[PDB]
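Novice: Below is a structure I'd like to ask you about.
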Amino acid sequence: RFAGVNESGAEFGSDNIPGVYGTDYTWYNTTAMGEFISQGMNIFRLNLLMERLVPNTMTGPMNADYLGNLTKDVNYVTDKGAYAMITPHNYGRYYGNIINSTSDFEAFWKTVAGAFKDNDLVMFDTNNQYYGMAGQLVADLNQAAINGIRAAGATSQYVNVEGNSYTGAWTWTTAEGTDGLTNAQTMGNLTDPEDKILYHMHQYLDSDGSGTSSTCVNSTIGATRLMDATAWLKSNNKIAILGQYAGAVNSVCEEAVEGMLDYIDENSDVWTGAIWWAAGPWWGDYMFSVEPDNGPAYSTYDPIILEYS
Ligand SMILES: OC[C@H]1O[C@@H](O[C@H]2[C@H](O)[C@H](O)[C@H](O[C@H]3[C@H](O)[C@H](O)[C@H](O[C@H]4[C@H](O)[C@H](O)[C@H](O)O[C@@H]4CO)O[C@@H]3CO)O[C@@H]2CO)[C@@H](O)[C@@H](O)[C@@H]1O
Ligand SMILES: *[C@@H]1O[C@H](CO)[C@@H](O)[C@H](O)[C@H]1NC(C)=O
Ligand SMILES: *[C@@H]1O[C@H](CO)[C@@H](O)[C@H](O)[C@H]1NC(C)=O
Ligand SMILES: *[C@@H]1O[C@H](CO)[C@@H](O)[C@H](O)[C@H]1NC(C)=O
Ligand SMILES: *[C@@H]1O[C@H](CO)[C@@H](O)[C@H](O)[C@H]1NC(C)=O
C-alpha cells in the first residue's frame, strides 16, 4: 500500500537554529522525487525542524520562508498524486527541552495543520522518535497533536502517532520511559474524531536496532523484530506503518529486508506500508541512501521498495 522514502535534509544541523540554508540544512530535490513517483512510489516522509517552522515559541506563527519551502515540496509531491508526510524531526524536544506542555503541543499542531487542512494527500506525523521521556507524556502529546490537527479542520489526513524509545517496533512492549511505562502500556488509548490514526514505528536490523551498523543480525531479524508489536496491534485493533527501516548493501541485509516486507504484506490487516530511511540530497555515501544520483543503496533497494508498492 504505502511504499516510498524519507526525505531528510531540512532538519540537518539541528543544533544551529535558525541555521543557514545551504550550510546547515536544505530542502528536497524535486527532480529526484519525480523519478521515484514515476516509478510508482506513493509516499514521501518530509523531515523538518520544529524550531525552523515555528521559531521561538511552539505556540507562535509559522516562519513564512521555511513554511514556503515546506509547502513547495509538499505541493510538488501531492500535485503528482503521491502522499506527503509532514514530520517535525525533533525527538520530543523543542530548543533541546523535553516538550512538557500538551496544550502548547496542541497549539503547534493546530497551526501547522491549518496550513495543509484541505490537502487530503498530506499526512501528519506528531514527532520523530520521542525518547528518554515519560511514557505517559509521549502518549499525552500524541493525543494533543491529534486534537490540534482536527481542531484546525484538517479532517481527511492520517495522523501518524509515534511511541517513546525511538518508536522502535522491537521494543514496543519492553522499553521503559522515565516513568517506567512502555509504549504498550501508554499508546493504546489514543482517540481520533476521524478514526485515522496510524501507529508509526521504526525498525532497524543491526545489533542494537540503531541502524548505525551495516551488519544485519541475520536473514530473519526484521520479521522477527516485528512479531511482538504486530500481536499488540492485532489484539488492540490498531493499524500501523513502518515509517523508517533500512538495510545496507549486503546479502544478509537484503534477505532480512525482503523478509520484513513479506511479513508486513502477510500482515496487511495491521501494516499499511513502509517508508525507507532514507533519500535526500545531502547523504553522500551514506550506506542507507537511496537518493538516485549517488545513493549507495539505490540500485539494490529501489526495486525492492517498488515490489511491495
Ligand atoms: O532506531 C533509530 C534510532 O536509534 C537510536 O539508538 C537507540 C536504539 O534505537 C536502541 O533504542 C537502543 O536501545 C537499547 C538501549 O540502548 C538499552 O541499552 C537497552 O539495553 C538494556 C538491556 O537490554 C537490559 O534490559 C538492561 O537491563 O538495561 C539496558 C539499558 O539500561 O537495549 C535497547 C535495545 O534493546 O538505544 C539507542 C540509543 O542508545 C539512535 O541511534 C537514533 O539516533 C536513531 O534514530
Ligand atoms: C537532483 O536529482 C537529479 C536527478 O536524479 C540529479 O541528477 C541531481 O544531481 C540532483 N541534485 C542534487 C543537488 O543532488
Ligand atoms: C525558502 O526559504 C528562503 C529563505 O531561507 C526564502 O528566501 C525562499 O523564498 C523560500 N521559498 C519559498 C518558496 O517560500
Ligand atoms: C488515556 O489515559 C491517560 C491516563 O491513563 C489519559 O490521558 C486519558 O484518561 C486517556 N485518554 C483518553 C482519550 O481516554
Ligand atoms: C536471529 O537473531 C535473533 C537476535 O539475535 C535471534 O533471536 C534469532 O535466533 C536469530 N535467528 C537465526 C535463524 O539465527
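Residue numbers (my numbering): 1171 to 1479. Each residue gets a CB set at the ideal place from its N, CA and C atoms; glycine is no exception.
Put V1190 into one of helix, strand or coil per three-state DSSP.
Specialist: In this structure, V1190 counts as coil in the three-state DSSP scheme.
Novice: Does DSSP classify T1229 as helix, strand or coil?
Specialist: Residue state, collapsed to three classes: coil.
Novice: Identify the continuous alpha helix (DSSP H) that holds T1390 and give its terminal residues.
Specialist: Counting along the chain, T1390 falls outside any alpha helix (DSSP H), and DSSP gives it neither H nor E.
Novice: List, from N- to C-terminal side, the beta strand (DSSP E) runs of 3 residues or more that fit wholly inside the stretch 1305-1349.
Specialist: For the stretch 1305-1349, whole beta strand (DSSP E) runs of length 3 or above, ordered along the chain, are 1329-1332.
Novice: For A1339 versus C1386, is the C-beta distance shorter than 8 Å?
Specialist: In this structure, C1386 does not lie closer than 8 Å to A1339 by Cβ.
Novice: Going by other Cβ atoms of all chains shown within 10 Å of its Cβ, with 16 needed for buried, is residue 1117 buried or exposed?
Specialist: Absent from the model: residue 1117. The displayed extent of the chain is 1171 to 1479, so no value can be given.
Novice: DSSP three-state label for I1475, please.
Specialist: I1475: helix per DSSP, three-state reduction.
Novice: Buried or exposed: where does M1397 fall if 16 or more other Cβ atoms within 10 Å of its Cβ makes it buried?
Specialist: Label assigned to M1397: exposed.
Novice: How many angstroms separate the CA atom of residue 1487 from the CA atom of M1430?
Specialist: Examination of residue 1487 is not possible in this model, given that the chain is present from 1171 through 1479 alone.
Novice: Helix or strand or just coil, what does DSSP make of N1270?
Specialist: Here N1270 sits in coil by DSSP.
Novice: The alpha helix (DSSP H) spanning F1206 covers which residue range?
Specialist: From DSSP, the alpha helix (DSSP H) with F1206 extends over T1200 to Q1209.
Novice: Would you give the residue range spanned by the beta strand (DSSP E) that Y1415 belongs to?
Specialist: From DSSP, the beta strand (DSSP E) with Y1415 extends over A1410 to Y1415.
Novice: Within 7 Å: the Cβ of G1179 and any heavy atom of ligand 3?
Specialist: Outside the cutoff, so no.
Novice: Report the partner residues of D1235 according to the DSSP bridge assignment.
Specialist: DSSP, once it has assigned bridges, lists no residue as partnering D1235.
Novice: Using the three-state DSSP reduction, which class does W1446 fall into: helix, strand or coil?
Specialist: Looking at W1446 - three-state DSSP - the assignment turns out to be strand.
Novice: Measure the beta-carbon distance from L1351 to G1417 and round it to whole angstroms, keeping in mind my assumption that it falls under 8 Å.
Specialist: At roughly 31 Å, the Cβ-Cβ gap does not stay under 8 Å, so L1351 and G1417 are not in contact.
Novice: With H, G and I counted as helix, E and B as strand and the rest as coil, what does DSSP make of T1470?
Specialist: In the structure shown, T1470 sits in a helix (DSSP, three-state: H, G or I).
Novice: Can you determine whether any heavy atom of ligand 3 sits closer than 7 Å to the C-beta of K1242, and answer yes or no?
Specialist: It does: the Cβ of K1242 is within 7 Å (strictly closer) of some heavy atom of ligand 3.
Novice: Tell me where the alpha helix (DSSP H) around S1421 begins and ends.
Specialist: Element bounds for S1421: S1421 to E1436.
Novice: Collect the residues with a C-beta less than 5 Å away from any heavy atom of ligand 2 and give them in sequence order along the chain.
Specialist: With the cut-off at 5 Å, the residues found are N1199, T1201, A1202, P1451, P1462 and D1463.
Novice: Going by the C-beta, is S1380 closer than 7 Å to any heavy atom of ligand 1?
Specialist: Correct: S1380 has its Cβ closer than 7 Å to ligand 1.
Novice: Count the other CB atoms, across all protein chains shown, that sit within 10 Å of the CB of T1227; report buried if there are 16 or more and exposed otherwise.
Specialist: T1227 comes out exposed.
Novice: Look at the alpha carbon of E1181 and the alpha carbon of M1293, and state the distance between them as a whole number of angstroms.
Specialist: Spanning the two alpha carbons is a distance of roughly 18 Å.
Novice: Where does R1171 sit, in a helix, a strand or coil, going by DSSP?
Specialist: Correct three-state label for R1171: coil.
Novice: What does DSSP give as the partner residue(s) for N1176 in the beta ladder?
Specialist: Bridge partners of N1176: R1215.
Novice: Run through the DSSP bridge pairs and tell me what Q1373 is partnered with.
Specialist: Beta-bridge pairing links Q1373 to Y1415.
Novice: Per DSSP, which residues does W1279 bridge with? Please list them.
Specialist: DSSP lists no partner for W1279.
Novice: The alpha helix (DSSP H) with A1354 in it runs from where to where?
Specialist: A1354 -> alpha helix (DSSP H) spans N1353 to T1356.
Novice: Taking the straight line between their C-alpha atoms, what separation do you get for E1177 and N1406?
Specialist: Each residue's Cα considered, the two are about 31 Å apart.
Novice: What's the call for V1190, buried or exposed, on a 16-neighbour Cβ count within 10 Å?
Specialist: Under this definition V1190 is an exposed residue.
Novice: Please say whether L1360 and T1442 have beta carbons closer to each other than 8 Å?
Specialist: Their beta carbons are not under 8 Å apart, which means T1442 does not touch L1360 by this criterion.
Novice: Can you give me the C-alpha to C-alpha distance between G1284 and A1449, rounded to a whole angstrom?
Specialist: Straight-line Cα distance between these residues: approximately 27 Å.
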